[PDB]
Structure formats: structure tokens, C-alpha cells
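Since the structure comes first, as C-alpha cells, the remarks are kept for the end.
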Amino acid sequence: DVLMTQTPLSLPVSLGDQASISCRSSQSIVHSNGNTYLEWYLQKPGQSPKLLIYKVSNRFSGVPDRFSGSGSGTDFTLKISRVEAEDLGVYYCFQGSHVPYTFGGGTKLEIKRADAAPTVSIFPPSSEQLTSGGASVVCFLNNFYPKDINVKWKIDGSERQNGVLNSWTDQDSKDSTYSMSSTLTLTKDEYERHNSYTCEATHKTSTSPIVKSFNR
Amino acid sequence: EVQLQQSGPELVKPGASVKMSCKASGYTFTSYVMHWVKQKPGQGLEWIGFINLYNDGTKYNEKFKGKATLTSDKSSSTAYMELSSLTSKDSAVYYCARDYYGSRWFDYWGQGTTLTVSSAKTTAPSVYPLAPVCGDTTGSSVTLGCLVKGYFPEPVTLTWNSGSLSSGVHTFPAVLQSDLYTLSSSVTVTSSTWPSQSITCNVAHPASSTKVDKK
RNA sequence: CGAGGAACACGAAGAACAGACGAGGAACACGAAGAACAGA
DNA sequence: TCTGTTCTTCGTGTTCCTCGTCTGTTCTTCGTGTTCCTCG
């Protein structure tokens with residue numbers, strides 16, 4: 001069986017700094033020819049991925065020379081400096097030794113920037129859904145820079161994390177942040193048992209958790 | 001210009017058999033190997049198989065042997081899978097691949113398909129425009145959006161003003177659990193753009209609906 | 001004095017030949033690993 | 001215990017088909033070196 005170790009799972013990179021990523025093999029990598037054949041692939045979100053590095057350091061015909069590859073043994077590194085904006089995506093390394101030619105995932109690019117303030121808004125449900133015997137409170141909480149966000153929902157002083165769905169987003173191309181949607185979905189008889197509706201979030205810039213309660 | 005093309009999205013029943021066709025362009029076909037990769041989102045990718053286009057050496061994985069069958073044809077310039085023993089955990093993206101050396105790496109990739117397994121019934125979506133709390137502009141900026149509930153198929157593609165508004169937009173994924181899909185999108189627009197520039201939510205949906213809702 | 005044409009070269013580009021390496025399957029005489037119907 | 005044979009995994013050697021690499025050899029061109037000729 002083939003396992004691969006992605007010790008750089010994530011990375012801090014801004015536009016202009018350096019990075020080194022070491023895809024690490026569980027066992028040796030050598031071949032009967034004495035060489036090793038290791039390949040790294042780039043996926044920008046939206047299109048099919050393509051070949052970037054094919055042996056260790058030599059590459060595909062027509063790529064920029066700004067990336068570089070190095071290493072031999074059980075861990076293999078790629079180095080980048082003066083990071084641009086059009087080469088974002090997800091990287092992949094291929095295992096070069098054992099007979100089951102299994103892929104290796106889990107190496108993504110993370111743009112570093114300043115932190116962003118939360119944007120909190122509440123949506124009581126539209127009347128078309130209220131005519132169908134159900135209701136859904138929406139709390140949109142946007143422009144979250146890190147990924148350690150803890151959400152809670154409150155209904156008239158009572159903590160219930162039931163009937164709640166939550167929706168994420170990936171790394172934005174221009175905003176370069178995250179976004180957050182929280183829906184609490186119940187029936188209309190389950191709606192009007194209480195009056196005030198609260199969404200609470202746990203962020204790091206706001207040193208206290210942010211609490212927002214509305215009435216209708 | 002050596003690129004590849006595949007079929008479109010596919011919806012299939014459990015227990016059935018489904019097909020993959022793979023076309024390319026440019027150079028010859030019988031001199032090289034066609035290679036084939038699986039991808040499921042939220043999880044690392046996985047190699048499926050390979051077929052050389054001269055002798056047709058049939059060999060699959062240690063797990064996927066006897067599961068999917070790999071064939072090709074030169075006159076149609078096409079590669080073929082057939083998939084059986086179907087189940088709902090493989091509703092994912094499958095990727096055709098061009099070899100560069102002896103079935104040892106890949107050099108360019110096709111667009112793949114979304115192979116999905118059908119569940120429940122294909123229902124038309126229910127769209128709701130997001131109404132503000134106070135109505136008109138009562139602050140520095142206002143927030144609007146779209147709430148869609150109750151549709152089976154994934155191509156529910158969300159456009160604003162028929163393809164516009166690529167700036168200040170929050171596209172969102174859909175949830176496949178219990179065959180209940182919720183789409184919630186939000187746009188934060190400026191203070192002086194409410195009464196004339198009312199941006200409309202647009203669901204593009206081939207099996208069900210081309211639906212447009214204005215706030 | 002600076003340069004070009006004719007035959008040879010420092011290095012580079014296009015191309016071809018000869019040899020070797022390995023990568024993938026096909027065919028054949030034989031070897032190892034598990035089994036089944038009948039016969040001696 | 002084996003044979004007539006069949007359903008599968010791994011080698012002993014060869015050939016066919018495709019390919020990425022390495023070394024030597026040859027033909028043409030270019031930034032230019034040796035003698036003749038020519039250009040102002």
C-alpha cells in the first residue's frame with residue numbers, strides 16, 4: 001500500500017515572499033535506473049489541472065522558471081520566490097517508487113493579507129415560504145480572513161444548534177477572504193413558539209464573540 | 001494545441017451502467033497511452049486506470065479490477081469507460097489524461113465529467129428574493145441576495161443579470177444531503193444603486209427551469 | 001583599415017544515423033503458488 | 001499420485017509496436033578565427 005505525507009498542508013504566502021514545500025514519501029524512492037521521477041501539478045480553480053514539474057527540477061516546455069525543485073531521498077521540496085497572482089491553485093505530488101501508482105492530494109496555496117472585519121446581516125424569511133408552513137432565519141457573516149470561526153444560534157435565551165445548516169466558500173480571487181452563511185430551518189408552528197432570533201459568532205479580531213438579535 | 005474534450009454532466013440510476021467518451025486533438029493516438037484519474041471533492045484525488053492504444057493492455061487497480069471497463073477506438077478518436085456496480089458515493093468528477101512517458105506520468109488533462117447518481121425525483125426549484133429589513137437604503141451600503149430551496153439536480157447555476165456582476169459577489173455551493181439542496185447567495189452593493197440597479201438572481205437549470213427573480 | 005563569398009573550426013539552432021539504458025502490453029518451450037469432471 | 005483440460009498471480013530468453021534519456025558520427029545556418037577574391 002502507498003501512503004504519502006503532506007507536512008506542508010498549508011502555508012503562509014503573500015505576493016512577493018518565498019516558500020518551500022516538501023512532499024514526503026513513507027519509504028525510499030529510488031529506481032533501478034538510479035533516478036527518481038517525481039511530478040507536481042497545479043490547479044487554478046475553474047479549469048483542469050496541468051503538468052508543472054516532471055522529474056525533480058526540470059519542467060514542462062513553456063512554464064516560467066520561477067518555481068524550482070530539489071531534494072533526494074524521502075522528502076522532496078519545491079521553492080518559490082516573488083509570488084505572483086495568476087499562479088494560484090492546488091498543488092499535487094506523485095509517488096515515484098512503489099507498484100500501486102497512487103496519487104497524493106492535500107497541498108494548496110494560501111494568499112496572505114491583512115485581516116478583515118465581520119459583516120453581519122439577518123434575513124427573516126420570505127412570505128412565499130411562510131405560506132408553505134416553514135421558515136428559515138438567515139444570518140450572513142462575511143469577510144472572515146482566518147478559518148477558525150465558531151458559530152452559535154439562540155432563540156429567546158435558549159441555545160439550540162438544531163435545524164441549522166451552514167455554508168462556506170473557497171479562496172476569493174479578488175477579495176482573498178472567506179464568507180459565511182448560516183440558515184436555521186424549522187416549521188411555522190416551530191417558528192412562532194418564540195420571538196427573538198439571535199446569531200452569534202466567534203472570531204479573533206473581535207476579542208468578544210459578536211451577538212446579533214432581531215425581532216419581528 | 002493538444003487539448004481534450006469529454007461529454008457533459010451525467011445523471012444515473014443505482015445499479016445501472018454508464019459510459020465515458022473521451023476525444024482529443026492534434027497528434028496521433030495509437031503511439032501513446034490514455035490514462036485516467038478520479039476526483040471526489042473535499043478529498044484527495046485517485047488514479048483509476050490506463051490503456052495503451054496499440055495492443056490494448058487491460059489492467060485496472062487492486063481495488064477497481066472487475067469494476068469499470070476501459071476500451072477505446074481510433075477511427076472515432078475516442079476512449080471509453082463503462083461503469084457498473086453503481087452507488088451514490090461516487091457522484092464526483094472523472095478526468096481523462098494524456099500520457100507523456102510509458103504510463104508513468106500525465107502531461108495534459110481533459111475537462112472530465114460530473115457523474116451523479118439520481119435520488120428522489122427531479123423537482124423544480126423554489127426561488128425567493130432576499131428582502132431587506134428596512135427596505136430602502138438606511139446605511140452606508142445595502143445587502144441583497146437569493147435563497148433557493150427544493151431542487152434535485154446540481155446544475156442550478158446562479159447568474160446575476162445573465163452572466164454579469166463578477167465583482168462583489170458571493171457564489172455558494174449546494175448541499176446534497178437528504179436530496180435537499182439549499183442555495184444562499186449575498187451581494188453587498190453601494191448606497192446609491194438601489195432603485196435603478198435592482199440586480200436579479202438567475203437560476204439556469206436545464207431539466208427544470210430558467211428562473212429569474214427580481215427583489 | 002570595417003565587412004562578406006570559397007574549404008576547415010569556439011559555441012549554438014534544425015535534422016538524420018549507429019549503440020545502450022529503462023517504461024507499457026502481445027506471442028511462444030519450461031518453473032513455483034490454489035482448485036475442479038473423468039480415467040489409471 | 002499424475003494426465004486430457006480450465007480459471008488466476010509471479011520468472012527463465014527472443015521478437016513486434018510506441019516513447020524519454022545518454023554517448024559518438026554526418027549535412028545546412030548563425031555571434032566569429034586561418035589564406036585568396038571583392039566591396040569604400
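Methodologically, a virtual Cβ is constructed for each residue, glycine included, from the backbone with ideal geometry; neighbour enumeration extends over all protein chains shown. Each answer follows from the model by the rule given with it, or from the source it names; nothing here is a laboratory result.
Checked against the criterion of being assigned by TED's automatic domain parsing to the domain that holds A:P125 and closer than 16 Å to A:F123 by Cα, the candidates A:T205, A:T185 yield just one match: A:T185.
What is the residue count in the stretch B:38-82 for residues that are among the basic types (K, R), part of a loop (DSSP other than H, G, I, E, B) and either within 14 Å of chain A (Cβ to nearest Cβ) or exposed (fewer than 12 other Cβ atoms within 10 Å of the Cβ) (or both)?
Count: 4.
Only one entry of B:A131, B:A120 meets the criterion of being in a loop (DSSP other than H, G, I, E, B) and in contact with a helix residue (DSSP H, G or I) (Cβ under 7 Å, 6 or more places away or on another chain), and that entry is B:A120. Count of the stretch B:141-195 residues, restricted to those that are of a type in the set (D, E, K, R) and either assigned to a loop (DSSP other than H, G, I, E, B) or under 19 Å from A:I122 (Cβ atoms) (or both), is 2. Within the stretch A:71-105, the residues that satisfy the criterion of being among the aliphatic types (A, V, I, L, M) and either in contact with an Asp or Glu (Cβ under 7 Å, 6 or more places away or on another chain) or facing chain B (nearest Cβ under 10 Å) (or both) are A:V83, A:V90, A:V99. Going by the conditions given, is B:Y101 closer than 23 Å to A:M180 by Cα and in a loop (DSSP other than H, G, I, E, B)? Considered against the rule, which asks whether it is closer than 23 Å to A:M180 by Cα and in a loop (DSSP other than H, G, I, E, B), B:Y101 comes out as no. The strands (runs of 3 or more DSSP E) located wholly in the stretch A:1-99 that include 3 or more residues which are within 30 Å of A:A114 (Cα to Cα) and not hydroxyl-bearing (S, T, Y) occupy A:19-25, A:40-43, A:75-80. Annotation note: Cβ proximity below 7 Å between a residue of the stretch B:54-73 that is within 12 Å of DNA strand D (Cβ to nearest atom) and a residue that is outside any strand (DSSP E or B) and of a type in the set (S, T, N, Q) (sequence gap 6+ or interchain) occurs for B:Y54/B:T30. The residue of the stretch A:106-126 that is nearest to the chain's Cα centre (by Cα), among those that are under 30 Å from A:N215 (Cβ atoms) and at the interface with chain B (Cβ under 9 Å from one of its Cβ atoms), is A:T119.
Give A:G106, A:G133 a once-over and let me know the one that is under 30 Å from A:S25 (Cβ atoms) and in contact (Cβ under 8 Å) with a residue 24 or more places away in the chain. Before you say what the answer is, go through the steps one by one.
On the way: A:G133 fails: under 30 Å from A:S25 (Cβ atoms).
Selected residue: A:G106, the only one of A:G106, A:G133 that is under 30 Å from A:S25 (Cβ atoms) and in contact (Cβ under 8 Å) with a residue 24 or more places away in the chain.
Would the stretch B:105-118 turn up any residue that is farther than 30 Å from B:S25 by Cβ and away from chain A (no Cβ under 12 Å)? Within the stretch B:105-118, one or more residues are farther than 30 Å from B:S25 by Cβ and away from chain A (no Cβ under 12 Å). Could you please let me know if A:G157 is touching a residue at least 40 places away in the same chain (Cβ under 8 Å), more than 28 Å from B:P41 (Cα to Cα) and exposed (fewer than 12 other Cβ atoms within 10 Å of the Cβ)? Judged against the criteria, A:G157 is not a match.
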